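Following: one structure in structure tokens, then a few remarks.
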Amino acid sequence: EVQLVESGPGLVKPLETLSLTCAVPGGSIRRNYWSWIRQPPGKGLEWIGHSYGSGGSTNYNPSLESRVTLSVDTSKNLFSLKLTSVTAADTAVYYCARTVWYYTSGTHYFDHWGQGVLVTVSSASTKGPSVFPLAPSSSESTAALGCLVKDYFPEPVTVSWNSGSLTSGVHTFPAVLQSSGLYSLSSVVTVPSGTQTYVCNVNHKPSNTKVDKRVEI
Amino acid sequence: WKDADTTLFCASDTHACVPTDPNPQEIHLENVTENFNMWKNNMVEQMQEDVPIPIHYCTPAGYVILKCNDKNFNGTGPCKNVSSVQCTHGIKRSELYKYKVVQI
Amino acid sequence: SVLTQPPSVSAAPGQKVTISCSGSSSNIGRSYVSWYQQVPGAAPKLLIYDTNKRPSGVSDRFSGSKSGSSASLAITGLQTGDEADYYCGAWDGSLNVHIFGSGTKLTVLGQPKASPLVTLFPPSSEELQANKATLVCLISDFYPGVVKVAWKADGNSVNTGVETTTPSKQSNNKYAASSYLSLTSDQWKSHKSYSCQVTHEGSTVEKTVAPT
Ligand SMILES: *[C@@H]1O[C@H](CO)[C@@H](O)[C@H](O)[C@H]1NC(C)=O
Ligand SMILES: [Cl-]
Ligand SMILES: [Cl-]
Ligand SMILES: [Cl-]
């Protein structure tokens, strides 16, 4: 166990600079390579770069090289990352990792990882959602109906139906974050294929907003 | 290359070390004579001060370890048959003094 | 730019599986391969390094290898503890980057595989009143919990304005996922049709809506 603890702001505005810190074991920072790696939610890993603890040796992912600076402060045992001019694509969990590299043998890998920190990139201020019905069209035994909860910030929203009287076949999805900086989700229910009444009840506590929307043909 | 001072990393199979190089290779250098000086070798002193199971000390990229393979050798003097390596042998009080680090 | 892995690998408990990882001679061809195991919401951990070596704590049910420009992770005695996302990785000696694979979700099959039901909602009249148009592709009742979603407008791939959730469990213990194509009303009206195409375990289901 080599303990690495990443830090920084959970939220950064577009076109600002992102700054993160990784705290390390004293008896090792100076005599190892350390990498930053990131992972946008629901997507795969990306290597950002590495830096030897004493060198004099830094290697950046060529595609991010212009925007990236890595530093080692041996005195305060901090490994750091600066990333300039951030966009919606830089929302990710950022991890520091001890790196093993034998350059002459061609082996490069990550043997101890920190726990990660989420950085969300959004210019948004608190905003309640718009709620839109998802009406069933015209196979024919059952139909899906729903509510689209659009363009809110921050999380979370919750949803119920018919004030908690409808729970069977209800599913409420996780939110997505659009490149606008605002979240959306949907809630759906399956019902028999439409003379009776369906209302989604949406709560967004951060804007102190409740919405009831009737979903009709 | 030129005599230089670096912070080496350790390898062993204390957890400040990394696992060993999977393909340690020793490259000889044809012709090539290097002077080793035991009395002024800052790799070797940091090495033994830091000290089954063996521990290897290794250079980061940008540096290399030269090894003396001469049969006369006792730590100091021209070495006539030299190798470059990324790590030392596994150390379990030199020598040890058969090594020095240089910068590429 | 990733080494290629299958999105999903699955088997009943106690079975053996393999996960492929293909690249090229400037990476897997010339470099050692590592493998990482990640439980969602937790950091990856090293599973295999130096192509076929196991760190402490990794059992010999796990073994790695490579042949030319492909690598492979075999797992015997599949079990709950192995359920995770798996990534290969390797240095690229021409580009000088560590390149990771695209990721594979390993599932231990606890229930019948099941194909997705897909429902595509066109934008509501209420949302078009506000000059916006979000298409909502809802995907339900599938197992294992891995899908790929592609959108098209008049038969052409759409890249912009797409967001898709990670599959998660319904109350009946199958999986659901959602995907969105967010347009303006004027963009919505500029095409004759749109489709959401859902790929799951060799199957594709494609639903289509048309403005009007
Ligand atoms: C090292 O070798 C020289 C001959 O090259 C010899 O004179 C000297 O005594 C040796 N040093 C030690 C410490 O044995
Ligand atoms: Cl499979
Ligand atoms: Cl596009
Ligand atoms: Cl119309």
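If you're wondering about the labels, chains in the structure tokens are A, B, ... by order shown, residues count from 1 in each chain, ligands from 1 in order shown.
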* Find the residues of chain B in contact range of chain A, meaning any atom within 9 Å when counting only C-alpha atoms, and list them as a PyMOL selection string. => chain B and resi 6-10+15-19+21-25+58-62+86
Distance limit 12 Å, atoms considered: only C-alpha atoms. Which chain C residues sit that close to chain B? Return them as a PDB file with C-alpha atoms, in the first residue's frame.
```
ATOM      1  CA  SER C  31       5.940  -3.483 -25.539  1.00  0.00           C
ATOM      2  CA  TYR C  32       4.854  -5.328 -22.392  1.00  0.00           C
ATOM      3  CA  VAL C  33       1.152  -5.379 -21.660  1.00  0.00           C
ATOM      4  CA  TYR C  49       2.091  -6.487 -15.591  1.00  0.00           C
ATOM      5  CA  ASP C  50       4.990  -7.463 -17.830  1.00  0.00           C
ATOM      6  CA  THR C  51       2.454  -9.318 -20.061  1.00  0.00           C
ATOM      7  CA  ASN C  52       1.968 -12.383 -17.827  1.00  0.00           C
ATOM      8  CA  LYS C  53       3.091 -11.522 -14.296  1.00  0.00           C
ATOM      9  CA  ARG C  54       0.716 -11.303 -11.329  1.00  0.00           C
ATOM     10  CA  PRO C  55       1.131  -8.863  -8.428  1.00  0.00           C
ATOM     11  CA  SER C  56       0.457 -10.070  -4.841  1.00  0.00           C
TER      12      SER C  56
END
```
* Show me which bits of chain C are within 7 Å of chain A, counting only C-alpha atoms, as an MDAnalysis selection string. => chainID C and resid 31:32 34 42:43 45:46 49:50 90:91 97:98 100 102:103 121 124 126:127 163:166 170
Can I get the selected residues back with C-alpha atoms, as a PDB file, in the first residue's frame?
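Once everything was written out, this is selection.pdb:
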```
ATOM      1  CA  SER C  31       5.940  -3.483 -25.539  1.00  0.00           C
ATOM      2  CA  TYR C  32       4.854  -5.328 -22.392  1.00  0.00           C
ATOM      3  CA  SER C  34      -0.595  -4.611 -18.367  1.00  0.00           C
ATOM      4  CA  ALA C  42     -13.450   2.699  -7.360  1.00  0.00           C
ATOM      5  CA  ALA C  43     -10.008   3.198  -8.765  1.00  0.00           C
ATOM      6  CA  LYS C  45      -5.994  -1.870  -9.670  1.00  0.00           C
ATOM      7  CA  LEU C  46      -3.081  -3.631 -11.383  1.00  0.00           C
ATOM      8  CA  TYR C  49       2.091  -6.487 -15.591  1.00  0.00           C
ATOM      9  CA  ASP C  50       4.990  -7.463 -17.830  1.00  0.00           C
ATOM     10  CA  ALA C  90       0.802  -0.788 -23.203  1.00  0.00           C
ATOM     11  CA  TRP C  91       3.440   1.771 -23.985  1.00  0.00           C
ATOM     12  CA  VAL C  97       2.227   7.389 -24.756  1.00  0.00           C
ATOM     13  CA  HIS C  98       0.633   4.790 -22.612  1.00  0.00           C
ATOM     14  CA  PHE C 100      -5.217   1.944 -22.762  1.00  0.00           C
ATOM     15  CA  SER C 102     -11.441   0.513 -24.742  1.00  0.00           C
ATOM     16  CA  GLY C 103     -12.631  -1.510 -21.738  1.00  0.00           C
ATOM     17  CA  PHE C 121     -39.716   9.298 -28.128  1.00  0.00           C
ATOM     18  CA  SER C 124     -42.839  16.613 -27.171  1.00  0.00           C
ATOM     19  CA  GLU C 126     -44.240  21.181 -25.233  1.00  0.00           C
ATOM     20  CA  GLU C 127     -40.532  21.068 -25.826  1.00  0.00           C
ATOM     21  CA  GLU C 163     -25.456  11.679 -24.239  1.00  0.00           C
ATOM     22  CA  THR C 164     -26.026   8.102 -23.000  1.00  0.00           C
ATOM     23  CA  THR C 165     -26.290   6.698 -19.460  1.00  0.00           C
ATOM     24  CA  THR C 166     -24.472   3.638 -18.079  1.00  0.00           C
ATOM     25  CA  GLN C 170     -34.417  -2.044 -12.899  1.00  0.00           C
TER      26      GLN C 170
END
```
* To do: Would you mind listing the residues within 8 Å of ligand 1, counting only C-alpha atoms and all ligand atoms, as a ChimeraX atom specification?
  => /B:72-77
Export C-alpha atoms of the chosen residues as a PDB file, in the first residue's frame?
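And here is the file that came out, result06.pdb:
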```pdb
ATOM      1  CA  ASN B  72      41.900  -6.057 -12.601  1.00  0.00           C
ATOM      2  CA  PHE B  73      39.331  -3.721 -11.237  1.00  0.00           C
ATOM      3  CA  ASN B  74      39.268  -2.611  -7.586  1.00  0.00           C
ATOM      4  CA  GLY B  75      37.084   0.524  -7.715  1.00  0.00           C
ATOM      5  CA  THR B  76      39.448   3.131  -9.091  1.00  0.00           C
ATOM      6  CA  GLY B  77      41.095   3.497 -12.468  1.00  0.00           C
TER       7      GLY B  77
END
```
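The list of residues with at least one atom within 9 Å of residue B:80, based on only C-alpha atoms and without residues fewer than 6 positions apart in the same chain, reads residues 31, 32, 33, 34, 35, 68, 69 and 70 of chain B.
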* **Nearest candidate to residue C:106 (options C:134, C:190, C:79, C:70; using only C-alpha atoms)** =>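 Comparing C:134, C:190, C:79, C:70 against residue C:106, the winner is C:79.
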* Just the residues within 8 Å of residue A:20, please, counting only C-alpha atoms, with nothing from its chain fewer than 2 positions along; format it as a PyMOL selection string. => chain A and resi 6-9+18+22+80-82
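Selection of all polymer residues within 8 Å of ligand 2 on the basis of only C-alpha atoms and all ligand atoms gives residues 8, 9, 10, 11, 17 and 201 of chain C.
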With N, CA and C atoms kept, could you save the residues just selected as a CSV table (one decimal), in the first residue's frame?
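The result, stored in selection.csv:
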```csv
chain,number,residue,atom,x,y,z
C,8,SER,N,-18.4,-6.4,-23.9
C,8,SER,CA,-18.9,-7.3,-22.9
C,8,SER,C,-18.3,-8.7,-23.1
C,9,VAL,N,-18.0,-9.3,-21.9
C,9,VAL,CA,-17.6,-10.8,-21.9
C,9,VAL,C,-18.4,-11.3,-20.7
C,10,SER,N,-19.0,-12.5,-20.8
C,10,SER,CA,-19.8,-13.0,-19.8
C,10,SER,C,-19.8,-14.6,-19.8
C,11,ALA,N,-20.0,-15.2,-18.7
C,11,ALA,CA,-20.2,-16.6,-18.5
C,11,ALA,C,-20.9,-16.9,-17.2
C,17,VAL,N,-13.3,-17.7,-19.2
C,17,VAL,CA,-13.5,-16.7,-20.3
C,17,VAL,C,-12.2,-16.2,-20.7
C,201,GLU,N,-25.0,-7.9,-27.5
C,201,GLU,CA,-24.8,-9.4,-27.7
C,201,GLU,C,-25.0,-9.9,-29.1
```
* To do: Report as a PyMOL selection string: the residues of stretch 114-187 of chain C with a DSSP assignment of helix (DSSP H, G or I), based on the backbone of this structure.
  => chain C and resi 125-129+185-187
Only N, CA and C atoms, please: the residues just picked out, written as a PDB file, in the first residue's frame.
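See again.pdb below for the written result:
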```
ATOM      1  N   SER C 125     -44.541  18.068 -28.113  1.00  0.00           N
ATOM      2  CA  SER C 125     -45.020  19.378 -28.529  1.00  0.00           C
ATOM      3  C   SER C 125     -44.649  20.495 -27.508  1.00  0.00           C
ATOM      4  N   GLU C 126     -44.617  20.178 -26.211  1.00  0.00           N
ATOM      5  CA  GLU C 126     -44.240  21.181 -25.233  1.00  0.00           C
ATOM      6  C   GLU C 126     -42.785  21.610 -25.402  1.00  0.00           C
ATOM      7  N   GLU C 127     -41.896  20.663 -25.699  1.00  0.00           N
ATOM      8  CA  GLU C 127     -40.532  21.068 -25.826  1.00  0.00           C
ATOM      9  C   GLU C 127     -40.340  21.853 -27.138  1.00  0.00           C
ATOM     10  N   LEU C 128     -41.000  21.441 -28.195  1.00  0.00           N
ATOM     11  CA  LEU C 128     -40.924  22.235 -29.440  1.00  0.00           C
ATOM     12  C   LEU C 128     -41.505  23.658 -29.295  1.00  0.00           C
ATOM     13  N   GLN C 129     -42.498  23.832 -28.396  1.00  0.00           N
ATOM     14  CA  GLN C 129     -43.016  25.193 -28.068  1.00  0.00           C
ATOM     15  C   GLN C 129     -41.917  26.091 -27.523  1.00  0.00           C
ATOM     16  N   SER C 185     -35.330  22.969 -32.304  1.00  0.00           N
ATOM     17  CA  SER C 185     -36.527  22.628 -33.141  1.00  0.00           C
ATOM     18  C   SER C 185     -36.246  22.750 -34.637  1.00  0.00           C
ATOM     19  N   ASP C 186     -35.468  23.739 -34.989  1.00  0.00           N
ATOM     20  CA  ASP C 186     -35.127  23.951 -36.393  1.00  0.00           C
ATOM     21  C   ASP C 186     -34.221  22.820 -36.947  1.00  0.00           C
ATOM     22  N   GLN C 187     -33.264  22.373 -36.146  1.00  0.00           N
ATOM     23  CA  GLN C 187     -32.506  21.172 -36.509  1.00  0.00           C
ATOM     24  C   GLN C 187     -33.350  19.921 -36.652  1.00  0.00           C
TER      25      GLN C 187
END
```
* Enumerate as a list in words the residues within 9 Å of ligand 3, counting only C-alpha atoms and all ligand atoms. => residues 156, 157, 158, 159, 160 and 161 of chain C
* Selection as a list in words: residues within 12 Å of ligand 4 by only C-alpha atoms and all ligand atoms -> residues 125, 128, 189, 192, 210, 211 and 212 of chain C
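The spacing separating atom CA of residue A:199 from atom CA of residue C:162 amounts to 27.4 Å.
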* Gap from atom CA of residue C:104 to atom CA of residue C:197 - Å, one decimal ->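 These atoms are spaced 20.2 Å apart.
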* Surrounding residues of residue C:105 excluding itself and chain neighbours under 6 positions, 9 Å, only C-alpha atoms, as an MDAnalysis selection string -> chainID C and resid 6:10 83:86 145:146
* chain B: which residues are strand (DSSP E) by DSSP, as a PyMOL selection string? -> chain B and resi 2-3+9-11+27-28+34-36+56-58+63-68+77-79+82-85+99-103
* Nearest to residue B:90: which of B:103, B:12, B:48, B:37 is it, counting only C-alpha atoms? ->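 Distance minimum relative to residue B:90 lands on B:12.
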